[PDB]
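Residue numbers (the entry's author numbering): 1 to 64, 68 to 229. Ideal Cβ placement from N, Cα and C applies to all residues, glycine included. Reviewing the structure listed below.
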């Protein structure tokens, strides 16, 4: 049993902190909850702390800890994410919304004591003021996706590619193309994986007693040799 995997054997508290800027509209999101990697399960509540969120919350889901994925016993050697802990890894993405703007994100995820922390900076540009994103035309739900993972031996890390389908209110879909790079923060040995995928499902909801702009989130992720 590896060092990284032992950190995740039980329930781990999670803290998420995001600072964003989309077309100049600034905002901060704080999140709290917990992760149970044994079942690939995340439970989290996110609050926009600067008031009204200038984008739809669902567009932030991928940005807002894949170290909580479940790798089945036979795939444990492909779990780059836990192998980088506790020192952690940096996760960077470009998210490109079809016929609209893009997010660029840089995040550091690591332990601070017993807590798994995801700290993110986000910058969005090229967004249409009347588009699906700034126009808040996205439905408040979330589809299931396959995140595809390849080793990046040269950087001792991984890359990932996938397309998020955001249900639009008129019945169409808003496509968000994700290109992602992860590299370790420490220089201990990490696991470099063969091609595989993270099968992820996400359920979004609301706390009727919470008046602040927020998102409650339940997620299940399983690694598959698919």
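What is the DSSP secondary structure of residue 84, reduced to helix, strand or coil? helix
To the nearest whole angstrom, what separates the beta carbons of residue 71 and residue 33, a pair I think is in contact under 8 Å? Contact doesn't hold; Cβ gap of about 10 Å is too wide.
Quick one: what does DSSP say residue 37 is sitting in, helix, strand or coil? Of the three classes helix, strand and coil, the one that applies to residue 37 here is helix, per DSSP.
Stretch-stretch touch, CB-based, cutoff 8 Å, three pairs: the segment 135 to 148 with the segment 197 to 212: yes
Would residue 23 pass as a contact of residue 130 if the rule is Cβ separation under 8 Å? yes
CA-CA distance, residue 47 and residue 30? Going by C-alpha positions, residue 47 is about 5 Å away from residue 30.
The alpha helix (DSSP H) spanning residue 113 covers which residue range? Residue 113: not part of any alpha helix (DSSP H); member of the beta strand (DSSP E) spanning 105 to 115, first to last residue.
Host alpha helix (DSSP H) of residue 7 (start-end): 3 to 7
Could you give the DSSP three-state label for residue 97: helix, strand or coil? strand
Please state if the CB of residue 106 and the CB of residue 125 are separated by a distance shorter than 8 Å. yes
Compute the beta-carbon to beta-carbon distance between residue 44 and residue 14, rounded to the nearest angstrom, for a pair I have assumed lies under 8 Å. 7 Å
Nearest to residue 151 by CA position, among 182, 194, 220, is which residue? 182
Residues of its chain near residue 232, where Cβ-Cβ distance is below 7 Å and the 5 sequence neighbours each way are ignored: Beyond the ends of the chain as shown, which are 1 and 229, falls residue 232; an answer cannot be given.
Using 8 Å as the limit for Cβ to Cβ distance, is residue 54 near chain D? The chain labelled as chain D is not found in the depicted structure, where only one protein chain is given.
Out of 201, 213, 229, point me to the one whose CA is closest to residue 69's CA. 201
Cβ-Cβ distance between residue 111 and residue 140 below 8 Å: no
Determine the burial state of residue 63: buried for a count of at least 16 other Cβ atoms within 10 Å of its Cβ, exposed for fewer. buried
If we call anything under 8 Å between Cβ atoms a contact, is residue 7 one with residue 80? no
Are the beta-carbon atoms belonging to residue 177 and residue 100 less than 8 Å from one another? yes
Along the beta strand (DSSP E) that carries residue 22, what are the first and last residues, could you check? Here the beta strand (DSSP E) through residue 22 covers 12 to 22.
Since residue 219 contacts residue 73 with CB under 8 Å, what's their CB separation in whole angstroms? The Cβ separation is near 21 Å, so there is no contact.
Could you check the C-alpha separation between residue 148 and residue 16 for me, to the nearest Å? 22 Å
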